[PDB]
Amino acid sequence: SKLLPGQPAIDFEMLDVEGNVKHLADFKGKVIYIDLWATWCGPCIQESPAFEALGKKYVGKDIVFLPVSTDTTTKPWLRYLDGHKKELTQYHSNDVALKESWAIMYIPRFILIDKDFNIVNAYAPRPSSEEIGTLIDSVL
């Protein structure tokens, strides 16, 4: 029951394509919608166009969209990005805190965190879903 709405989020690390290290708590104070995906996962990639459109649509608002590849190694991820260009800042993560503190066994996975850095939904709806817009608006 650590992951239920209202419970605090759990930090993890992520690398960007250049090498900078960011941690989830850097975005403390914004609404955070996280997309976990991987290059060989069809249903994950099917959601990318909608996650990107959300990014564009809320550019002017206090929410951060984190796309985090969980590919085992970095190279299929970078190889994938070279062929499939993206507008949001891309992250990559094989942080053990994802598996052991977030208990993430499967992807796709979507998470919505509110401004106080509390979980709103540990199991958030997909970015292509009709309701995510209102869910997101509600949270702002």
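Start at 1 with the first residue shown and count on from there.
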Averaged over C-alpha atoms, is the B-factor higher for 35-43 or for 74-82 in this PDB entry? 74-82
Where do the C-alpha atoms have the higher mean temperature factor in this entry, in 9-17 or in 121-129? 9-17
From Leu66, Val96, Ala103, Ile107, the top C-alpha temperature factor is at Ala103
Looking at the entry's B-factor column for C-alpha atoms only, identify whether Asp114 ranks in the lowest, middle or highest third of its chain. middle
Cα B factor band for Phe27 (lowest, middle or highest third within the chain): highest
